[PDB]
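>
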Amino acid sequence: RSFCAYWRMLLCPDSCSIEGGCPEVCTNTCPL
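Just so you know, we're using this note's numbering here: the sequence shown kicks off at 5 and counts up by one.
Below is the structure:
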(Lines of atoms letter the chains of each structure in order from A; the text may use other names.)
(Lines give C-alpha, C1' and ligand atoms only; values in the text may rest on other atoms or scores of the structure.)
Protein backbone atom coordinates (compact mmCIF):
# COMPACT_ATOMS: atom_id res chain seq x y z
CA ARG A 5 0.00 0.00 0.00
CA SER A 6 1.20 3.47 -0.93
CA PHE A 7 1.46 6.44 1.42
CA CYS A 8 -2.22 7.09 0.64
CA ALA A 9 -3.01 5.16 3.84
CA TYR A 10 -1.16 7.37 6.33
CA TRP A 11 -0.77 10.52 4.23
CA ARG A 12 -4.54 10.57 3.80
CA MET A 13 -4.84 12.26 7.20
CA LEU A 14 -1.41 13.86 6.87
CA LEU A 15 -2.14 16.14 3.90
CA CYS A 16 -5.85 16.46 4.66
CA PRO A 17 -6.49 18.54 7.83
CA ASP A 18 -9.90 19.48 6.37
CA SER A 19 -7.93 20.91 3.44
CA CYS A 20 -10.87 19.96 1.21
CA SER A 21 -11.87 23.63 1.35
CA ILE A 22 -8.63 25.05 -0.08
CA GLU A 23 -8.17 22.14 -2.50
CA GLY A 24 -11.62 22.80 -3.93
CA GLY A 25 -12.91 19.27 -3.61
CA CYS A 26 -10.43 17.33 -1.50
CA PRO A 27 -6.65 16.65 -1.43
CA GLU A 28 -5.69 13.84 -3.79
CA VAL A 29 -4.30 11.76 -0.92
CA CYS A 30 -7.42 12.47 1.13
CA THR A 31 -9.28 10.49 -1.49
CA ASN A 32 -8.33 7.06 -0.12
CA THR A 33 -9.23 5.34 -3.37
CA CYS A 34 -5.63 5.59 -4.55
CA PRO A 35 -4.67 2.93 -7.16
CA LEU A 36 -1.98 0.37 -6.37
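The beta carbon of each residue, even a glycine, is placed where N, CA and C say it ideally should be.
Distance, Cα to Cα, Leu-36 vs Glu-28?
In a straight line, the C-alpha of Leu-36 is about 14 Å away from that of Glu-28.
> I need the DSSP call for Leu-15, collapsed to helix, strand or coil.
Coil, per DSSP.
> Between the C-alpha atoms of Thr-31 and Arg-12, what's the straight-line distance to the nearest angstrom?
Rounded to the nearest angstrom, the two C-alpha atoms are 7 Å apart.
> What whole-angstrom Cβ distance do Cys-34 and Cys-26 have, given they're in contact under 8 Å?
Rounded, the Cβ-Cβ distance is 12 Å, inconsistent with contact.
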